[PDB]
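To start, the structure under review is shown below, and the notes come after it.
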Amino acid sequence: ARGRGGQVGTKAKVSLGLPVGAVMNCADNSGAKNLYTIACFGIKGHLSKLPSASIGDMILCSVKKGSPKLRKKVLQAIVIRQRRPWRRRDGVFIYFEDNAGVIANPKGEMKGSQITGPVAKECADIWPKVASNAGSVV
Amino acid sequence: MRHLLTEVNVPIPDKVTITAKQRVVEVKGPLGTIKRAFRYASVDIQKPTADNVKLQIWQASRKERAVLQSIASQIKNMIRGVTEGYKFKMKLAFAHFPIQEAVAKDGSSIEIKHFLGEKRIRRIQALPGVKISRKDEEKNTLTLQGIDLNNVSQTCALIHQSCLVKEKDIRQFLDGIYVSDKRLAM
Amino acid sequence: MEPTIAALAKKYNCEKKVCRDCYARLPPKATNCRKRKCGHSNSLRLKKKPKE
Amino acid sequence: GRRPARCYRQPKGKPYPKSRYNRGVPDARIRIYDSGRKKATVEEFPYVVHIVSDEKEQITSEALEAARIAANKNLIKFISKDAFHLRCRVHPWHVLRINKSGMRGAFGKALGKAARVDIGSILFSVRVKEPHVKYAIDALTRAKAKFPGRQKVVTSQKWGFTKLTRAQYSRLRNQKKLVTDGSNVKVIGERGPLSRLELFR
RNA sequence: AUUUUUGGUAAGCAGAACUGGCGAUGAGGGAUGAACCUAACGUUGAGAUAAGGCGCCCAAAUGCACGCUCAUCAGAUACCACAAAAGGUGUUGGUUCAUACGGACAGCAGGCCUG
RNA sequence: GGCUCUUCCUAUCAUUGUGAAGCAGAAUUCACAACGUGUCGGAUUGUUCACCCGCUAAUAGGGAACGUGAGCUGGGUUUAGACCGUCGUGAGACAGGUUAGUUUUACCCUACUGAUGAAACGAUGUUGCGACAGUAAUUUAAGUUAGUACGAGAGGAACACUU
Ligand SMILES: [Mg+2]
Ligand SMILES: [Mg+2]
Ligand SMILES: [Mg+2]
Ligand SMILES: [Mg+2]
Ligand SMILES: [Mg+2]
Ligand SMILES: [Mg+2]
Ligand SMILES: [Mg+2]
Ligand SMILES: [Mg+2]
Ligand SMILES: [Mg+2]
Ligand SMILES: [Mg+2]
Ligand SMILES: [Mg+2]
Ligand SMILES: [Mg+2]
Ligand SMILES: [Mg+2]
Ligand SMILES: [Mg+2]
Ligand SMILES: [Mg+2]
Ligand SMILES: [Mg+2]
Ligand SMILES: [Mg+2]
Ligand SMILES: [Mg+2]
Ligand SMILES: [Mg+2]
Ligand SMILES: [Mg+2]
Ligand SMILES: [Mg+2]
Ligand SMILES: [Mg+2]
Ligand SMILES: [Mg+2]
Ligand SMILES: [Mg+2]
Ligand SMILES: [Mg+2]
Ligand SMILES: [Mg+2]
Ligand SMILES: [Mg+2]
Ligand SMILES: [Zn+2]
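Residue numbers (the authors' numbering), protein chains in the order written: chain BJ, 4 to 141; chain BE, 1 to 186; chain AK, 78 to 129; chain BH, 2 to 101, 113 to 213.
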């Protein structure tokens, strides 16, 4: 029982900003502060090409700082904000000031209620529960 | 070993006319004219008499000998073909999804849609001399008529085959268009 | 559907013979295999009939 | 694992029996050479089917028991134990060796026993009644498949396991010249001391 | 190396016997190449050969007669560069038992028999 | 041994088209034409191997002087320093652990990559032909098909079209 099943469509092209090992903020109230990036789904690489995730992706991660109940296990998360500038159909490039993610079950459900900070557009279309829990969506 | 002489005798009946030139056989009857080219065998095709046609092969080996009777039989088919034609009936078989059919006025083409519920369009163009027909009373059948056995049997084939079911147990599914009746005389 | 027809299909589909060697489906009631790989081998079986 | 039979197939050696020069030669997996109804009379099983090794080779005892067990199961099931006498003519006398630092001396311990067979030596013999000849011929052929290379199957016109031709056998029947022990028949000559012949009882 | 041989699963392995040979040896043939086949060498011309060849590379038969063979993996030969158990309604021979106008086989027929 | 790179094998892991099943569907297994293309990111270990964490259509098995040191690297192995253990009276020894311990030369020929280029049927431009050589795209997912066919139920496809 794994994967991204609750994704609602195609995810747009975003410059991949979070390779493996990347540690990002965790914006949910799950009680985990951060997410250590282990893999990213749907990737077959080239030799020695680091697996990379971006806004909207579903990663496989672990919790480095947070509730002792959460760390030491392998969880899935969904990237919300990234600091790596990507580009949108208007030609403008954007970025947030942090790298943020929300722990989720493979079905696309969040474990948590409030999501701290804004969530990127590119995450909403893909993940309606995440979108539901957004305070703001840019 | 090598066989000396082998012959086969083809009868020619009322209203049939036959022509052998350099292995090229022509047969004209009431229903039309059919021609076939035998240039590939060393056989002797004797000048036909309105009664008969004699086929001979000389200094032959077992493999060669068979070509005789087979060319002969092909002739039998040309003849019978121009006397009484050839008609086939193909039953159109489906379990759940009804096979939908559109046949042109020439009778020269068939469209098959909705096979196993597939959204694809099947196109089959009938061979020369072959006419396809479906009536109100046909009870889900097709009818292919023509003078030349080959073109008709082959058209039936192309049809049956266009609809072969794939990537599933063939013995349970069994959807398809199959030949119910072969070698009918009209 | 329509056993009158099921007959037909089943005769086109389940009613053949299979080569214990090249796997080809040969005509029922036939003695030999028509495929070069086995040299027309003797041993053949009935294509396994469906269930009841 | 046991070394492949193709190693010992050809008889390259001079014969190595289990002798007082051989220590710790093992046994042979074929211990019993007779199956079926052994008690039968020459009269009861007239016809013989023989497996004759066509080749010159060394057959492993294990191979023997193989072909044998096989032929037995076949015969017993398809006719009846009562209806066949199955005899293994050949015995596995020859001992194979196997050399198990380097080559310093290669003389090996005893691996197993084999029977040394020459072209035309009878391997198996079955005696049966006419109705069953085919079945015998059948199972023997199958046992031929448990065997190295070529062997052939044959029907003898002699009587059972006897040296007599069925004709001689019949004439000697008629004339009361025959004495019966099991598979064996004895013939009576003019050379015998009269204290034997039945008449001076 | 031929034949005979022992140890060894085996080896272009390790050992022995008789006669040679190769080493110490060229020439023609095995395309090629120590120990195979012919054949043993002074300088040179002719003729006829051995081994092996004669469609072209290549001297010399696309000679003249027989049988057998079609490969959607043909075949093409001593030592030599490997193939086995097992299979084929491909084709041709041969072996042993059978049928047939007191009409067979097969097919279609028809009621084992019958057209 | 790894790194780098190229090519070959097929006893095919995946992808293409099929045959077979104790093939309902889904999944799976056996076989055929077949390498054309692909066959990944990290823990520990000098490692080949092994074992785990993962993604993936798949995470196939091999060859090329156990491919590849004037291409690197030098962790392992195998000099000279030194520790322990065991052995030896000893000097010393381990097919047992530890720790420190140099990696030279290309300007030649070829090879390959690129670059000029004399000269025949007169010279010199411009526009072309094209022998031959090399070739390249391979997959995946989503929508729709559709909660559909099949199936008692659980479950659960495909072709076409579109991105
Ligand atoms: Mg860390
Ligand atoms: Mg790497
Ligand atoms: Mg299939
Ligand atoms: Mg299936
Ligand atoms: Mg076979
Ligand atoms: Mg001799
Ligand atoms: Mg020697
Ligand atoms: Mg000698
Ligand atoms: Mg000699
Ligand atoms: Mg010397
Ligand atoms: Mg010499
Ligand atoms: Mg001369
Ligand atoms: Mg000629
Ligand atoms: Mg293969
Ligand atoms: Mg197998
Ligand atoms: Mg690494
Ligand atoms: Mg190396
Ligand atoms: Mg040291
Ligand atoms: Mg001491
Ligand atoms: Mg040491
Ligand atoms: Mg220099
Ligand atoms: Mg160059
Ligand atoms: Mg000019
Ligand atoms: Mg010019
Ligand atoms: Mg130019
Ligand atoms: Mg080309
Ligand atoms: Mg889809
Ligand atoms: Zn076959």
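Cβ coordinates follow ideal geometry from the N, Cα and C atoms, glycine included.
Contacting residues, own chain, Cβ-Cβ under 8 angstroms from residue i (five flanking each side not counted)
i: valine 82 (chain BE); result: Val16, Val27, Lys28, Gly29, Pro30, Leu31, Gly32, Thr33, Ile34 and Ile147
i: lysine 68 (chain BJ); result: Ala35, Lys36, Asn37 and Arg74
i: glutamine 10 (chain BJ); result: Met61, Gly111, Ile129 and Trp130
i: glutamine 46 (chain BE); result: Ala20, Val53, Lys54, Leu55 and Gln56
i: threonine 177 (chain BH); result: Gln169, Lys170 and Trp171
Residue i Cβ short of 7 angstroms to ligand 2 heavy atom set
i: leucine 50 (chain BJ); result: yes
Per-residue contacts from residue i into chain AK (C-beta, under 8 angstroms)
i: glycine 176 (chain BE); result: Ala86 and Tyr89
i: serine 180 (chain BE); result: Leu85
Beta-carbon proximity list for residue i, same chain, < 6 angstroms, skipping 5 on both sides
i: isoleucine 99 (chain BH); result: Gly120 and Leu123
i: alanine 56 (chain BJ); result: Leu21, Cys43, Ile62 and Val82
i: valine 23 (chain BJ); result: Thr40, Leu53 and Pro54
i: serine 61 (chain BE); result: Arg2
i: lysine 93 (chain AK); result: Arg102, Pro105 and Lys124
i: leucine 76 (chain BH); result: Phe85 and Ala151
i: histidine 117 (chain AK); result: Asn109 and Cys110
Beta-carbon contacts of residue i that lie in its chain and below 7 angstroms, excluding the five residues immediately before and after
i: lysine 91 (chain BE); result: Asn140, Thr141, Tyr178 and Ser180
i: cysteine 99 (chain AK); result: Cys110, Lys112, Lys114 and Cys115
i: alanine 6 (chain BH); result: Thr61, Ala64 and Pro160
i: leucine 116 (chain BE); result: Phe97, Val165 and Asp175
i: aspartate 101 (chain BJ); result: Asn28, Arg84 and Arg86
i: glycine 8 (chain BJ); result: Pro109, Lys110 and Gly111
Chain-ordered chain BE contacts of residue i [CB-CB under 9 angstroms]
i: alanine 101 (chain AK); result: Result: empty, since nearest Cβ-Cβ is about 15 angstroms, beyond 9 angstroms.
Boundaries (first-last residue) of the alpha helix (DSSP H) holding residue i
i: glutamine 69 (chain BE); result: 62 to 83
i: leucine 135 (chain BH); result: Counting along the chain, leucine 135 (chain BH) falls outside any alpha helix (DSSP H), though it belongs to the beta strand (DSSP E) covering 134 to 140.
i: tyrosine 86 (chain BE); result: Element bounds for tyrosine 86 (chain BE): not the alpha helix (DSSP H) but the beta strand (DSSP E), 86 to 93.
i: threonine 155 (chain BE); result: 149 to 162
i: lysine 132 (chain BJ); result: 131 to 136
i: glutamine 46 (chain BE); result: First-last for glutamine 46 (chain BE): undefined, no H or E at that position.
i: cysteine 126 (chain BJ); result: 124 to 127
i: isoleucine 82 (chain AK); result: 80 to 90
i: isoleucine 170 (chain BE); result: 170 to 173
Terminal residues of the beta strand (DSSP E) in which residue i lies
i: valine 82 (chain BJ); result: 78 to 84
i: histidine 95 (chain BH); result: 95 to 99
i: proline 11 (chain BE); result: 3 to 11
i: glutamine 117 (chain BJ); result: Per DSSP, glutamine 117 (chain BJ) belongs to no beta strand (DSSP E) and is neither H nor E.
i: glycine 9 (chain BJ); result: Here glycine 9 (chain BJ) belongs to no beta strand (DSSP E), and DSSP marks it neither H nor E.
i: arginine 122 (chain BE); result: 121 to 125
i: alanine 101 (chain AK); result: Here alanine 101 (chain AK) belongs to no beta strand (DSSP E), and DSSP marks it neither H nor E.
i: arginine 122 (chain AK); result: 121 to 123
Distance cut-off 7 angstroms: residue i Cβ against heavy atoms of ligand 4
i: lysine 166 (chain BE); result: no
Cross-chain neighbours of residue i in chain AK, by beta carbon under 9 angstroms
i: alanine 66 (chain BE); result: Per Cβ cutoff of 9 angstroms: no residues; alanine 66 (chain BE) is ~16 angstroms from chain AK at best.
i: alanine 93 (chain BE); result: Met78, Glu79, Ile82, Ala83, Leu85 and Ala86
Chain BE residues whose Cβ lies nearer than 7 angstroms to that of residue i
i: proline 127 (chain AK); result: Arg171 and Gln172
Check: residue i C-beta below 7 angstroms from any heavy atom of ligand 28
i: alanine 107 (chain AK); result: no
Near ligand 5: residue i beta-carbon under 7 angstroms from a heavy atom
i: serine 65 (chain BJ); result: no
i: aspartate 35 (chain BH); result: no
i: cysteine 96 (chain AK); result: no
i: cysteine 115 (chain AK); result: yes
(message) Give the list of continuous alpha helix (DSSP H) stretches no shorter than 4 residues that lie fully inside the stretch 36 to 90 of chain BH.
(response) 62 to 79
(message) Which runs of the beta strand (DSSP E) at least 3 residues long sit entirely within the stretch 147 to 203 of chain BH? Give them in chain order.
(response) You should have 163 to 168, 190 to 193 and 196 to 199.
(message) Please give me, in chain order, every unbroken run of the beta strand (DSSP E) with length at least 3 that falls completely inside the stretch 21 to 62 of chain BJ.
(response) 26 to 29 and 37 to 43
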